[PDB]
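Naming: A, B, ... by sequence-line order, numbering from 1 per chain. Quick note: numbers below take in every heavy atom, side chains included, and nothing from hydrogens, waters or symmetry partners.
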Amino acid sequence: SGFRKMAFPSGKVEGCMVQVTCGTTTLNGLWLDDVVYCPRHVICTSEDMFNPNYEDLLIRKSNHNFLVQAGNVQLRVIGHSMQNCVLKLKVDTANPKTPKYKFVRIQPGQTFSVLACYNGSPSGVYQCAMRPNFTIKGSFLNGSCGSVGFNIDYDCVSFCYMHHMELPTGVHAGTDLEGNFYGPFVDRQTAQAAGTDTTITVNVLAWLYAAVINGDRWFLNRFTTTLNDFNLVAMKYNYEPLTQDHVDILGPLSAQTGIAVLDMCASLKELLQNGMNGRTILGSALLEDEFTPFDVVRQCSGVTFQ
Amino acid sequence: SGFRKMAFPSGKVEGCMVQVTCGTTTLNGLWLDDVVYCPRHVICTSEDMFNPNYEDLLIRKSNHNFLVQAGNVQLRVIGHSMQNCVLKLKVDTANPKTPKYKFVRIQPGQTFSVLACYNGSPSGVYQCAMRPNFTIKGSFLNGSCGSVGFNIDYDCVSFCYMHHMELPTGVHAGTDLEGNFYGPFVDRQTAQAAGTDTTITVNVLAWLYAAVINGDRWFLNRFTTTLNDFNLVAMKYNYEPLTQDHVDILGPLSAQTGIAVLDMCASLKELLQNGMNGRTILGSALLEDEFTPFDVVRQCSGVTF
């Protein structure tokens, strides 16, 4: 039994983390084949960041202005290029530890694992979720730029995030591996803020499904509700509106458990209206929204008696 | 900024996970050099898990039935012994991916990362804590036996746990890498009752220091209490007694935040008697006791490996 917020084994990503130094700035880079991917603001100074002209500043830089370090081995940059907000550095030797990979762009509400790195070396791994405001509630410090987010399916590592900056509220923003930011954010020292964040309602119900599988069931009631009568009650507590695809994606869990989707929503309303009465669901006094229904199936397993 | 329940990088441990198949029973092994560590009940069938005479069942076991596989390669076992509750198979090929390692036994209250494996393939990594009742609140399915726990210091992987069994309440019991079970448990799928689980007090205090660093300081009071009067309220709330050795460990955290160790104990006494009044500390309305003082310094400093 048991249920934990679980990350993927970070082995295949550690074999691709290098150290990129341009001038006085040092962040992390992703070494795949003979290319090193890193945030493009590595070429800027603290004064350039207030209004960077990335095309001009990259024109001035040369190949020998980029020190790529794979631990103690110097990596020779034989060409530099740019793609949106990601700098691509061609090197002489291909990474022998390159895994089967693919670049993907996730949707808000999904989950992935972050390998926090500093100076090219890993510090830890945790499980994140792309929030509806296209931010992540990560754990990053100075020098953590270049850290990547990923999901591992079978043997393929689906890279989906590259850290870039932290917002005034302490949350984090980044890009996909093709250089496109998640949200309305830019890599410029300008006034920026995360939008209003809504709770991922489809994830909260999958979390409540995992609790019934794991024995916790005090929140279950005998009453019911309708979708419209639920979609409006949740807006007072700032939850995402439950779409039909959200009710449908909670299907495999509904069959594994035997509690229809509309029945689980009713128990959620009582917990938002009258609180949890000080009790705990899976050891959490709050309602968790960073488990996708796929993560619940991947961990709780469970069978469906067709 | 930010603060997450963060697990160690599992790279140096994945390259050590192999598969061990004896009979129809298959679990995971730990390949270090030319020795494969795994729970000894790989010799047991699912029916012989009630009360097995392991030494007798091992006397009738053979090396050619001991299958060890790393990926596609099959490892040839040249010998086998038994240390307490752990099988030690001797294979021919030394593990080339062997990291600098060490075997340690941890105390109640310490943390470590668990690498859940199935059929020798790692599947997930998460941070866990050795509970005071010597159990762990882990996530294990059928086939997770042999999954190991570990910490990392410098380049040395400090192995400290090996999964063996699941208990009735859902908690899990295991041994160190020398075979000795943690707590009053045995490798027998019988009625084993985990004792009363108390709360790790020093880990909650360290978790409060991380809250002050990350902009959560409403619970900080001006009152002060003694170490004796602090344990008074703790015993009535099922918390471990805070010894002087705990105060000295919280020293570096006390210096960084300019808050006295006992001043934080006064902030904790109010949170125990009066709750938190619908407030959340670091995004949690419950006191988190699975963050050691080192774990707070490790995350808030960006310590790498």
Taking all non-hydrogen atoms of both residues into account, name the closest pair between [X] and [Y] and its distance.
X: B:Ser113; Y: B:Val125; answer: CB-CG2, 4.3 Å
X: B:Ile136; Y: B:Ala129; answer: CG2-O, 3.8 Å
X: A:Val77; Y: A:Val68; answer: CG2-CG2, 3.6 Å
X: A:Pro122; Y: A:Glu14; answer: CG-CG, 3.7 Å
X: A:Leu27; Y: A:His41; answer: CD2-CE1, 3.6 Å
X: A:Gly29; Y: A:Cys38; answer: CA-CB, 4.2 Å

So do the side chains of [X] and [Y] get within less than 4.5 Å of each other, counting heavy atoms only?
X: B:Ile43; Y: B:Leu57; result: yes
X: A:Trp207; Y: A:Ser284; result: yes
X: B:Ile152; Y: B:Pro9; result: yes
X: A:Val18; Y: A:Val36; result: yes
X: A:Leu89; Y: A:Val35; result: no
X: A:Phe159; Y: A:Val104; result: no
X: A:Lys97; Y: A:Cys16; result: no
X: B:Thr93; Y: B:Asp34; result: no

So how far is it from [X] [atom1] to [Y] [atom2], rounded to the nearest 0.5 Å?
X: A:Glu166; Y: A:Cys145; atom1: CD; atom2: SG; answer: 10.5 Å
X: B:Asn28; Y: B:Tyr118; atom1: CG; atom2: OH; answer: 8.5 Å
X: A:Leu32; Y: A:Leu177; atom1: CG; atom2: CG; answer: 7.0 Å
X: B:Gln69; Y: B:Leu75; atom1: CD; atom2: CG; answer: 9.0 Å
X: B:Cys300; Y: A:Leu141; atom1: SG; atom2: CG; answer: 7.0 Å
X: B:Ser81; Y: B:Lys88; atom1: OG; atom2: NZ; answer: 4.5 Å

Any donor-acceptor pair under 3.5 Å linking the side chain of [X] with the backbone of [Y]?
X: B:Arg40; Y: B:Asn84; value: yes
X: B:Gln192; Y: B:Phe185; value: no
X: B:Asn203; Y: B:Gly109; value: yes
X: B:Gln299; Y: B:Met6; value: no
X: B:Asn53; Y: B:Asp56; value: yes
X: A:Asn95; Y: A:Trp31; value: yes
X: A:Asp176; Y: A:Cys160; value: no
X: A:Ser147; Y: A:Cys117; value: yes
X: A:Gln110; Y: A:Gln107; value: yes
X: A:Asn214; Y: A:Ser1; value: no

Is it true that [Y] and [X] share a donor-acceptor pair across their side chains at a distance under 3.5 Å?
X: A:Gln127; Y: A:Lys5; answer: no
X: B:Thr26; Y: B:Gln19; answer: no
X: B:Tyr161; Y: B:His163; answer: no
X: A:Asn119; Y: A:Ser121; answer: no
X: A:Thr111; Y: A:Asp295; answer: yes
X: A:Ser123; Y: B:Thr304; answer: no

Flag the pair [X] / [Y] as yes when their ring centroid distance falls below 6.0 Å, and as no otherwise.
X: B:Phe305; Y: B:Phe8; value: yes
X: B:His172; Y: B:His164; value: no
X: B:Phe150; Y: B:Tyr101; value: no
X: B:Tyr37; Y: B:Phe103; value: yes

For side-chain contact (heavy atoms from CB on, under 4.5 Å), just list the numbers for B:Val20 and B:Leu67, CA-CA rounded to whole Å, side-chain angles, deciding distance to a tenth of an Å, and then say yes or no.
CA-CA 6 Å; B:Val20 175; B:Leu67 170 64; over 6 Å; no
Start with the C-alpha distance between B:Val171 and B:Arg131, add both sets of side-chain angles, then the distance that settles side-chain contact (heavy atoms from CB on, under 4.5 Å), and finish with yes or no.
CA-CA 10 Å; B:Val171 292; B:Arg131 302 304 309 177; over 6 Å; no
Would B:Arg105 count as a cation-pi partner of B:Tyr182, with NZ or CZ less than 6.0 Å from the six-membered ring centre and within 45° of the ring normal?
yes
Assess whether side-chain contact (heavy atoms from CB on, under 4.5 Å) is satisfied between B:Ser158 and B:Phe112, documenting all intermediate values.
CA-CA 9 Å; B:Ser158 201; B:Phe112 59 97; over 6 Å; no
Between B:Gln189 and B:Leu167, does the side-chain contact (heavy atoms from CB on, under 4.5 Å) criterion hold? Intermediate values first, please.
CA-CA 8 Å; B:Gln189 208 181 7; B:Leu167 293 169; over 6 Å; no
